[PDB]
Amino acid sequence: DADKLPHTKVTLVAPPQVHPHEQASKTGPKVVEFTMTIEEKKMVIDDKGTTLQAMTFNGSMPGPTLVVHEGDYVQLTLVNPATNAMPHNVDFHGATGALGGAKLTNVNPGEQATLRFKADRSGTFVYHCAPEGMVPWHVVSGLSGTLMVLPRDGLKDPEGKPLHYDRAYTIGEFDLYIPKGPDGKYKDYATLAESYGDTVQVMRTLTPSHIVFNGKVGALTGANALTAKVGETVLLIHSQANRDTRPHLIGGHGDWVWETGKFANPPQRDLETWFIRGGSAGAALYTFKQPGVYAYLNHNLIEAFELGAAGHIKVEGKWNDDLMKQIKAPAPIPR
């Protein structure tokens, strides 16, 4: 019985970080409380100055990652401020009933609601907005993120041995549908409502103009690259709420991967490239053995290098000649 359990309040953090949490816990079930606020905002998504009339949870794409343990209850307060123009709600793939909660969280601008559900299944699960008659537009404009429900005794390999991570990162991949004018340049709209009709026409072609990690081309590069060090194990959470993708770490692997994202199933090992189905989140563990700059990308290489689906991980530490060695550097062909 839920209203008799202890409550705890969690403060969310912006992607690509994930808020502090315990993996294996001796703690009993809790009601874990969160809040999120919708923000409609225009956003620059590429190096040409192209804009998207965007819709976000807490101001970011993706929304923040929420983390609980199997058997906890999630209690979310969803706020839709009067500065917004549209109605919104939330569907948790991790929940059971009432269209994932969407039927109980319909909030017009100026309103809020509170939902509770039991997180009775372990894994990474998508959440997204789903207002009647406007579902795909709200999703592709930026309203999605991940709930992670960890098993109470932590992650396990196929033989039941313990697995861990030292840091977690969250990557949301967004297929965007930006309209063009008769001059062949991308259109810039004064309001969110004015972008609607033209955007639906692009969507129906099923061809994205851009595909970006965390809100823009190059979001996870330069000063904003992911980081790690040799010997450290990282969890990479990858959500795609609308379209399939195929993650790959250049110079690495997926040591243990749940591509369907559900921790009660055995992971697979040694993957070069894995597959996240549109409408889900998956998770990969990797332990760095070499330093350097890695690329993490969608391995449809057109989607990655032409359309935007790629980022960087900068890894410090000591080079290992046993794993790889330059025997002869590039030099003229002997004759």
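We number the residues from 1 along the sequence you see.
Comparing 40-48 with 294-302, the stretch with the higher mean C-alpha B-factor in the PDB entry is 40-48. When the two stretches 260-268 and 101-109 are set side by side, the higher mean Cα temperature factor goes to 101-109. When the CA B factors of the chain's modelled residues are split into thirds, the value for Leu206 lands in the lowest one. The entry lists a Cα temperature factor for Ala193 that places it in the middle third of the chain's modelled residues. In this PDB entry, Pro29 carries a Cα temperature factor that places it within the highest third of its chain's modelled residues. Sort the modelled residues of the chain by CA B factor and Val140 lands in the lowest third.
Sort the chain's modelled residues by C-alpha temperature factor and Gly254 lands in the lowest third, per the entry.
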